[PDB]
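**Q** These protein sequence lines map, in sequence, to chains A and B. All residue numbers for the first sequence refer to the working numbering, where the first residue is 1 and numbers rise by one. All residue numbers for the second sequence refer to the working numbering, where the first residue is 1 and numbers rise by one. Just so you know, even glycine gets a beta-carbon here, dropped at the ideal spot from N, CA and C. Quick one: this structure, given as structure tokens, is what I'll be asking you about.
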Amino acid sequence: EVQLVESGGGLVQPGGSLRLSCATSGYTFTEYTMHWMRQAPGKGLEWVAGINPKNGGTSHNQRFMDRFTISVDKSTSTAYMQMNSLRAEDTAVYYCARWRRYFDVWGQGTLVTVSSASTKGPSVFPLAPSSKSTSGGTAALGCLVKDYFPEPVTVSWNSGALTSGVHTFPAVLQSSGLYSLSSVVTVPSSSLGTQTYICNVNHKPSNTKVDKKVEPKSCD
Amino acid sequence: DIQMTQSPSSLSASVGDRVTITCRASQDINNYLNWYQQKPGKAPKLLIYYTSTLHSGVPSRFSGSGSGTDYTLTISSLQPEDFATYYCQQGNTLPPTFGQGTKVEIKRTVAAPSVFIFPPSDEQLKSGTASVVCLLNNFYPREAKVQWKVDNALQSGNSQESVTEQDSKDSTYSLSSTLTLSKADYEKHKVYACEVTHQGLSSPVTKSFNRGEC
């Protein structure tokens with residue numbers, strides 16, 4: 001089982017550099033070619049450059065070939081890409097992918113967001129399951145993940161064991177500059193005084209983790 | 001360095017229809033045509049490579065065709081979990097190029113929303129703000145009106161709204177709408193209400209609560 005995990009992405013002021021790595025497991029490194037893709041948010045997949053482990057051969061997409069450079073660390077099985085003079089157009093998800101004529105195993109992505117902004121950790125708040133009357137048959141509680149920047153915010157219920165009925169909405173850039181998001185689940189009403197519901201927010205650009213309890217009723 | 005073009009690039013089809021995205025390269029690409037599938041927020045997956053060959057575990061209703069500059073993807077039965085964007089890639093000339101992707105949406109039978117309202121958390125009101133949230137849940141079509149009446153009085157442009165992508169197992173949507181106003185102005189109004197209007201709902205649903213005292 002092949003793992004391509006990439007990392008390094010985060011906020012960059014325009015003008016700064018970044019270095020993404022793409023870490024490999026489950027195959028002999030040297031046998032396949034590594035390539036970095038980029039996908040700008042809500043758009044097409046772009047190619048960016050390629051390396052052969054075996055002879056450090058390197059192809060580079062010419063629009064990028066001025067500013068972006070690729071390295072492999074043969075021992076550590078890591079592909080890298082140095083990014084220089086980041087303009088905001090290069091805000092995007094970057095994927096690494098393996099093989100030459102098709103990419104069979106791809107990564108998971110890392111988002112580089114270039115914004116003059118700062119980073120902020122979020123303030124998770126309860127979307128408290130109001131009165132078992134209105135909520136009758138199924139109730140729905142959730143967490144309002146407020147005021148962060150850059151993206152993302154992962155959200156989980158019950159340390160990854162509540163997986164069904166969960167809706168994590170797209171984040172809204174609000175007026176603020178800062179984002180706001182929401183995760184909500186729909187549990188049986190019946191279960192409210194027989195179990196605790198916990199949302200686990202991790203916003204990694206400020207490595208803010210918070211587990212919150214979303215308990216019963218609401219206004220007063 | 002071939003331009004790859006897909007047509008069309010947004011599509012709706014009921015479960016069970018055949019579908020055909022086509023992809024046409026600016027040059028004779030010699031059958032080095034592969035098709036990727038990418039579910040919203042995931043890496044793409046390789047379905048077909050070398051015009052018509054299937055990747056391991058990629059189901060029989062998918063097939064590829066063509067030669068030269070023209071190629072086609074055909075899903076012969078839509079299944080709800082073919083909700084994805086599909087991309088064609090030429091593998092003939094460096095750089096490898098992709099199309100803009102086609103968006104396949106699954107057209108299904110009207111689901112009416114389950115409306116829920118959440119009052120603002122006592123914690124957040126401590127931070128100087130309130131975010132009153134309505135959740136329209138598990139409906140279909142994506143079109144449904146929402147309006148906020150704060151003491152039987154339409155509000156304006158102080159509510160943003162967010163929609164989910166179509167659900168893999170039963171092709172429906174979900175929408176948050178969040179009204180957000182300061183603690184001071186929340187505290188000076190009593191009934192808060194959310195009004196949904198959709199196709200499969202015979203009359204507008206209002207979901208509401210008291211107290212701008214919170």
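Alpha carbon to alpha carbon, what distance is there between residue 59 of chain A and residue 89 of chain B?
**A** Here residue 89 of chain B refers to the residue found at position 89 when the second sequence is read from its first residue. Here residue 59 of chain A refers to the residue found at position 59 when the first sequence is read from its first residue. Straight-line Cα distance between these residues: approximately 18 Å.
**Q** Which of helix, strand or coil does DSSP assign to residue 195 of chain B?
**A** For the purposes of this step, residue 195 of chain B is identified with residue 195 of the second sequence, where counting begins at 1. Three-state result, residue 195 of chain B: strand.
**Q** Could you please give the first and the last residue of the uninterrupted alpha helix (DSSP H) stretch that includes residue 186 of chain B?
**A** Position 186 of the second sequence holds residue 186 of chain B. Here the alpha helix (DSSP H) through residue 186 of chain B covers 183 to 186.
**Q** With respect to the beta strand (DSSP E) encompassing residue 122 of chain B, which residues constitute its N-terminal and C-terminal limits?
**A** Here residue 122 of chain B refers to the residue found at position 122 when the second sequence is read from its first residue. First-last for residue 122 of chain B: 122 to 126, but that is the alpha helix (DSSP H), not the beta strand (DSSP E).
**Q** Is there a Cβ of chain A sitting closer than 8 Å to that of residue 164 of chain B, yes or no?
**A** Walking along the second sequence from the start, residue 164 of chain B turns up at place 164. Chain A contact via Cβ: present.
**Q** Interface residues of chain A around residue 23 of chain B at Cβ under 7 Å?
**A** For the purposes of this step, residue 23 of chain B is taken as residue 23 along the second sequence, with counting starting at 1. Near residue 23 of chain B there are no residues of chain A at all, since even the closest Cβ is about 12 Å away, more than 7 Å.
**Q** For the segment 112 to 126 of chain A, list every residue whose C-beta sits within 8 Å of some C-beta in chain B, in sequence order.
**A** Those would be 123, 125, 126, in chain order.
**Q** Exposed or buried, what is residue 176 of chain B when buried is set at 16 or more other beta-carbons lying within 10 Å of its beta-carbon?
**A** In the second sequence, residue 176 of chain B corresponds to position 176, counting from 1. Classification of residue 176 of chain B: buried, given that the 10 Å Cβ count is 16 or more.
**Q** Compare the Cα-Cα distances from residue 33 of chain B to each of B:46, B:39, B:40, B:42 and report the closest residue.
**A** Sequence index remark: in the second sequence, residue 33 of chain B carries index 33 (1-based). Among B:46, B:39, B:40, B:42, the Cα nearest to that of residue 33 of chain B belongs to B:46.
**Q** Given 8 Å as the limit, is there contact between the segment 189 to 196 of chain B and the segment 189 to 197 of chain A, that is, 3 or more CB pairs closer than that?
**A** The answer is no - the segment 189 to 197 of chain A does not touch the segment 189 to 196 of chain B, with fewer than three Cβ pairs under 8 Å.
**Q** By Cβ distance below 7 Å, which residues in the same chain neighbour residue 78 of chain B in space, the five residues on each side in sequence not counted?
**A** By one-based count along the second sequence, residue 78 of chain B stands at place 78. Same-chain partners within the cutoff: 13, 14, 15, 16, 17, 19, 106.
**Q** Keeping to the same chain, check which residues put their C-beta closer than 6 Å to that of residue 85 of chain A; ignore five residues upstream and five downstream.
**A** Within the first sequence, the letter at position 85 stands for residue 85 of chain A. Excluding positions up to five away in sequence, the list reads 67.
**Q** Using a Cβ-Cβ cut-off of less than 8 Å, give me the residues of the segment 83 to 114 of chain A that come near chain B, in sequence order.
**A** Going along the segment 83 to 114 of chain A in chain order, one finds 95, 97, 100, 101, 102, 103, 104, 106, 107, 108, 109 with a Cβ nearer than 8 Å to chain B.
**Q** What residues are listed by DSSP as bridge partners for residue 106 of chain A?
**A** By 1-based counting over the first sequence, the position of residue 106 of chain A is 106. Residue 106 of chain A pairs with A:97.
**Q** Using 8 Å as the Cβ pair cut-off and three pairs as the minimum, do the segment 161 to 177 of chain A and the segment 207 to 218 of chain A touch?
**A** Too few Cβ pairs lie closer than 8 Å, so no.
**Q** Runs of 3 residues minimum, wholly inside the segment 104 to 147 of chain A: which ones carry the beta strand (DSSP E) assignment?
**A** Complete beta strand (DSSP E) runs here, min 3: 110 to 114, 123 to 127.
**Q** Tell me which residues share the same chain as residue 51 of chain A and place their Cβ nearer than 6 Å to its Cβ, disregarding the 5 neighbours each side in the sequence.
**A** Translated into the one-based positions of the first sequence, residue 51 of chain A becomes position 51. Cβ within range, chain order: 34, 58, 70, 72.
**Q** Under 7 Å between beta-carbons, which chain B residues line up against residue 68 of chain A? List them in chain order, please.
**A** Here residue 68 of chain A refers to the residue found at position 68 of the first sequence. Correct list: empty, because the minimum Cβ distance to chain B is about 13 Å.
**Q** Once DSSP output is grouped into helix, strand and coil, what is the label at residue 192 of chain A?
**A** One-based indexing of the first sequence puts residue 192 of chain A at position 192. In the structure shown, residue 192 of chain A sits in a helix (DSSP, three-state: H, G or I).
**Q** Using the Cα positions of residue 98 of chain B and residue 60 of chain B, report the straight-line distance between them to the nearest angstrom.
**A** The residue you call residue 98 of chain B lines up with position 98 of the second sequence. The residue you call residue 60 of chain B lines up with position 60 of the second sequence. Their Cα atoms are separated by approximately 24 Å.
**Q** With distances taken from CA atoms, which of A:183, A:175, A:134 is nearest residue 158 of chain A?
**A** As a first step, residue 158 of chain A must be located in the first sequence, where it is residue number 158. If we check each option's Cα against that of residue 158 of chain A, A:183 comes out closest.
**Q** DSSP has residue 73 of chain A in a bridge; who is on the other side?
**A** On the first sequence, position 73 is the one that residue 73 of chain A refers to. DSSP lists A:78 as partners of residue 73 of chain A.
**Q** Here's the rule I'm using: 16 or more other beta-carbon atoms within 10 Å means buried, otherwise exposed. How should residue 46 of chain A be labelled?
**A** As a first step, residue 46 of chain A is located in the first sequence; it is residue number 46 there, counting from the start. Label assigned to residue 46 of chain A: buried.
**Q** Mapping DSSP to helix, strand and coil, what is residue 161 of chain B?
**A** Position 161 of the second sequence, counting from 1, holds the residue named residue 161 of chain B. In the structure shown, residue 161 of chain B sits in a strand (DSSP, three-state: E or B).
**Q** Hey, does residue 214 of chain B have any beta-carbon neighbour from chain A nearer than 8 Å?
**A** In the second sequence, residue 214 of chain B corresponds to position 214, counting from 1. With 8 Å as the cut-off, residue 214 of chain B counts as an interface residue toward chain A.
**Q** By how many angstroms is the C-alpha of residue 102 of chain A removed from the C-alpha of residue 129 of chain B?
**A** Mapped onto the second sequence, residue 129 of chain B falls at position 129. Mapped onto the first sequence, residue 102 of chain A falls at position 102. Going by the C-alpha atoms only, they are around 51 Å apart.
**Q** For residue 94 of chain A, which option in A:191, A:211, A:10 has the closest C-alpha, if you only look at C-alpha atoms?
**A** Locating residue 94 of chain A in the first sequence gives position 94, where the first residue counts as 1. For the residues A:191, A:211, A:10, the minimum Cα distance to residue 94 of chain A belongs to A:10.
**Q** Return the CA-CA distance between residue 136 of chain A and residue 136 of chain B, expressed in angstroms with no decimal places.
**A** For the purposes of this step, residue 136 of chain A is taken as the residue at position 136 of the first sequence. For the purposes of this step, residue 136 of chain B is taken as the residue at position 136 of the second sequence. Between residue 136 of chain A and residue 136 of chain B, the C-alpha separation is close to 16 Å.
**Q** Closer than 9 Å, Cβ to any Cβ of chain A: which residues of the segment 118 to 144 of chain B, in chain order?
**A** Correct list: 118, 119, 120, 121, 122, 123, 124, 127, 129, 131, 133, 135, 137, 138.
**Q** Return yes when the Cβ of residue 84 of chain B is within less than 8 Å of the Cβ of residue 39 of chain B, no when it is not.
**A** As a working note, residue 39 of chain B is residue 39 in the second sequence. As a working note, residue 84 of chain B is residue 84 in the second sequence. Yes, Cβ-Cβ distance for residue 39 of chain B and residue 84 of chain B is below 8 Å.
**Q** Does the beta carbon of residue 144 of chain A sit closer than 8 Å to a beta carbon anywhere in chain B?
**A** Mapped onto the first sequence, residue 144 of chain A falls at position 144. Closer than 8 Å: yes.
**Q** Counting only beta-carbon separations shorter than 8 Å, does residue 73 of chain B have a partner in chain A?
**A** Within the second sequence, numbered from 1, the residue matching residue 73 of chain B stands at position 73. No, no contact with chain A.
**Q** My output table needs one value for residue 57 of chain A: the three-state DSSP class, helix, strand or coil.
**A** Start at 1 with the first residue of the first sequence, and residue 57 of chain A comes out as number 57. Strand, per DSSP.
**Q** Kindly indicate which residue of A:220, A:192, A:146 has the alpha-carbon position closest to the one of residue 202 of chain A.
**A** Against the first sequence, residue 202 of chain A aligns to sequence position 202. It is A:146.
**Q** Please report the distance separating the alpha-carbon of residue 168 of chain B from that of residue 148 of chain A.
**A** Position 168 of the second sequence, counted from the start, is the residue given in the question as residue 168 of chain B. Position 148 of the first sequence, counted from the start, is the residue given in the question as residue 148 of chain A. One C-alpha to the other measures close to 29 Å.
**Q** Along chain B, in chain order, which residues have C-beta atoms closer than 7 Å to that of residue 174 of chain A?
**A** Position 174 of the first sequence, counted from the first residue, corresponds to residue 174 of chain A. 160, listed in chain order.
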